[PDB]
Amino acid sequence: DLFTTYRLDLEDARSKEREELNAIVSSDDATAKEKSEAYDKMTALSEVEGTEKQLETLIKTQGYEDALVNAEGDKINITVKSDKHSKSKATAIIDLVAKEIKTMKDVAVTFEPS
């Protein structure tokens, strides 16, 4: 499932950072300032994951049996499960990303067919 593998390997991206940060925080040769900066990053990442979660939720809320949001970067990538797709649909989606985010540079919605 082109969608579902999109999800799975975004979660690997995320599982590998989670892992790399923890590598530092449990190491001897990292200073307690260095160890904290790592923690800070884990925290920030989790915040990101919780907003992605809300946007997917709000998005599935108008049709869309599934949604996948990557808000990490400057450009926010959105993947949705849809056979139908239009300039109309995209705006409805973009519209509500704007309303939950300023700081927002570009948005890219992909409607992936089942």
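Residues carry their position along the shown sequence, with the first being 1.
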query: Residue stretch of maximal mean CA temperature factor, 89-97 vs 19-27; finding: 19-27
query: Selected stretch [higher average CA B-factor]: 56-64 or 31-39; finding: 31-39
query: CA B-factor ranking of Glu72, expressed as a third of its chain; finding: middle
query: Within-chain third of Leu10 by Cα B-factor, per the entry; finding: lowest
